[PDB]
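One structure below.
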2 protein chains.
Amino acid sequence: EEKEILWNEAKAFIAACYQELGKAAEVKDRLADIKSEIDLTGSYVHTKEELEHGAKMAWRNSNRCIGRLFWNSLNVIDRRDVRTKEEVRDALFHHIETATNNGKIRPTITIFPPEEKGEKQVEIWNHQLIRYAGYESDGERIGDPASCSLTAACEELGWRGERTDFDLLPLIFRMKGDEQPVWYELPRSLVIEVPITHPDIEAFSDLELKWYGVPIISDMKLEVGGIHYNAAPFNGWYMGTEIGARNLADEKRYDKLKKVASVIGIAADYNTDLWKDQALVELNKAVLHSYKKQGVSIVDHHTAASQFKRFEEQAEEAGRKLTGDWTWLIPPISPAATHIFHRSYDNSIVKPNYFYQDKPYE
Amino acid sequence: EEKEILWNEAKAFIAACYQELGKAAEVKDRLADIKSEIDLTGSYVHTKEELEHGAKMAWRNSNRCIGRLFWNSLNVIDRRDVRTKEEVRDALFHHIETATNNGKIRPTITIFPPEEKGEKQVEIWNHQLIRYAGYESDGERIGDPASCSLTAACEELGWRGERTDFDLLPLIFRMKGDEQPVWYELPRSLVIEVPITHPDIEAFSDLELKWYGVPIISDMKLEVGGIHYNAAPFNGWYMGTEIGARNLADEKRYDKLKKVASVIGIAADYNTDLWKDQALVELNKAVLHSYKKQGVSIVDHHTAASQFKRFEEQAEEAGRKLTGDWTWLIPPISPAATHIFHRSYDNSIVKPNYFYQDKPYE
Ligand code: HEM
Ligand code: HEM
Ligand SMILES: Nc1ccc2ccccc2n1
Ligand SMILES: Nc1ccc2ccccc2n1
Ligand SMILES: [Cl-]
Ligand SMILES: [Cl-]
């Protein structure tokens, strides 16, 4: 059952991949080499060209992603050569540095050795390479509640957080063979953070809010033609709403709306005053303004939706079927102001793609 | 095939309906009477109690409705006795008057004779009993574009609109037997309108915006136990966002965001300023404030979502399965500020319910 599946998926992938690359005639021979490799070894090794394009296709097929217009410019880093935890760590450090690019963020993926027999070579525990810790002890709520379980896991391994609201979690991953993961503190010089100020409300800085520059999702599995790259951290730049409308706004996250209303000088007493809505807008304006002032890449939800419209148009032109998840594609503020809201999307799964995996903690 | 379906649906309805009313033992005999009636006549007649509760159940099963908490207090008007177009007209006039109730809106449904053999006794052309006309001629865009097709249809029948942005469409319905519908102008004394002002921005009134008090949907089919009430107009009170975020905001509707930005004194030049988002909030604040000042019932989306949460809780307590459409239940502004956004809903269809019908115009 195992080698069969790998062969079928590989057939579908190589055909489509080589077609797109204008390498249609090189298929049969490449498919031949692959079949012999599967027979003998139980798996196959992607060329750099297949891997790079497979990672790009996977982003293109990510139904929940509004930023897919730039799928073909993804910066792919091939690190299937790593064997040591020092190599993994430095690769992760490197990813952060080059993706950050002094603020002009490069969408980047670093690809580690794939699963062998379903056995993981490298297992990254971080949800994102850069993420704030979260604590709850005796009524006291500190940091990012979404990070509570991973934080406790890290502290079970000898890490200790300073217990600010913005403790940088350590990188934490487990190598094949080891019973426990290792953790490495993040060098502050690698991590860009953005203090949140408002363009015309001076008191906004009293909230002492900040967020990190680059969202680098590191717990999802990249699947390319039957090969499972369980460890392949990827990043884009933020859409402002992810920070202003969710990370800082959600009651189960930083829950800052009541404090925002206070500093912008409005009452938070009546639903009919729409104070949460007003606070959301000013906070989201602050986030966009702050990243722009510091020279860190970010996109507003209107511009992002426009770009996505072009992705839809580009897809139709290329003869490609379009897939998407309406419930994730709409922005969390003023979604009806975008074209996305006013149409429907086929939520079918197409491979290559990125998939959820079970957390090793929890 | 026809009498079979009617019998099956009637079995399911009467059982559930009489169970809910604590009339469980009266089922068998009532089911008996119904089966004899179907055999002989080809259809059955609901009691006033069955009809009233069936209409209430239908609202309870409306997946796309956020205001379902008050399903059991629906004011049901039984007008299956109407035979003349003067009777229909006066029933519609009456519905408007009693539902409006001087501003303290009563959720109300008026039920007309149902389809006989699939033959309609009464066919209402209006989307809502109160709706603004729409025109497009030689570049000129006037009124509500969503009403363009019905407006042209009305004008094809001898009606003529004044061509303001807020022409009240006439009531228009067709009786069984007649080739054409009849139309009656709406008495202004029956229709409450609300001028849109802002609580602290005096210049907002310069937009000369207004909307009508009561949304009375009149083109949907009520289905109760196999009986098809194709003509059964129903109403609640508005949720503010329906007006401020959609009717007045959509580009394909009144498209007022750019003008709103102007009167509230903000630039509409850069997406990163989130001017559409800010305009949406102030406009939606204006709508809520305006209805409240005039003493016309309205609900904000936060309060409505809270009420819906109680509907969910009430449903669980009653042992009833909950159904809903996430894509319609979330409000079009700050949806992530509501609990609705953060959960999922089974979108299965349960009868009794309200259904779409083909427009006789178009
Ligand atoms: C270029 C900048 C990018 C922007 C602005 C962007 C925007 C977004 C946003 C807003 C989401 C929704 C996240 C949420 O609601 O929690 C999302 C989801 C996603 N994006 Fe992108 N994205 C970008 C680049 C990328 C890249 C480079 C990849 C991978 C190659 C990617 C793959 C995904 C995936 C897999 C999801 C779904 C994650 C999940 O299901 O939890 N995106 N994107
Ligand atoms: C009591 C006040 C009510 C409020 C605030 C309310 C709120 C809403 C809202 C906001 C929508 C979405 C409309 C849209 O997005 O276009 C909706 C849909 C709906 N409501 Fe209600 N509603 C109320 C009462 C009722 C009543 C009395 C009925 C019928 C007995 C009803 C049945 C429906 C139906 C059938 C839909 C879906 C219409 C469609 O699919 O186009 N609602 N409701
Ligand atoms: N802004 C952004 C970029 C990439 C993502 C990948 C997965 C989840 C969220 C993301 N956001
Ligand atoms: N506010 C409100 C009440 C009832 C409705 C019925 C159908 C569509 C929209 C509605 N809105
Ligand atoms: Cl994030
Ligand atoms: Cl409406």
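What you see below is based on every heavy atom in this structure, not just the backbone, and it leaves out hydrogens, waters and symmetry mates. Sequence lines set the chain letters: A, B, ... in the order given, protein chains first and strands last, and positions in each chain run from 1. Order of listing sets the numbers, starting from 1, for every ligand and every atom in it.
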Provide the closest heavy-atom pair for [X] versus [Y] in the form atom of the first, atom of the second, distance.
{"X": "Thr272(A)", "Y": "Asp300(B)", "result": "CG2-OD1, 3.4 Å"}
{"X": "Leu190(B)", "Y": "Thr100(B)", "result": "O-OG1, 4.2 Å"}
{"X": "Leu168(B)", "Y": "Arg188(B)", "result": "CD1-NH1, 3.6 Å"}
{"X": "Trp237(A)", "Y": "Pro107(A)", "result": "CZ3-CG, 3.5 Å"}

Check step by step if side chain to side chain donor-acceptor pair (under 3.5 Å) holds for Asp277(A) and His301(B). CA-CA 10 Å; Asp277(A) 313 83; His301(B) 51 290; 2.8 Å; yes
Is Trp211(A) close to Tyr254(A) at the side-chain level, that is, under 4.5 Å between some pair of heavy atoms?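 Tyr254(A) vs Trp211(A): side chains touch.
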Mind listing the N or O contacts between ligand 3 and protein, cut-off under 3.5 Å?
| from | atom 1 | to | atom 2 | distance (Å) |
| --- | --- | --- | --- | --- |
| ligand 3 | 1 (N) | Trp237(A) | O | 2.7 |
| ligand 3 | 1 (N) | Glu242(A) | OE1 | 2.7 |
| ligand 3 | 11 (N) | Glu242(A) | OE2 | 2.7 |

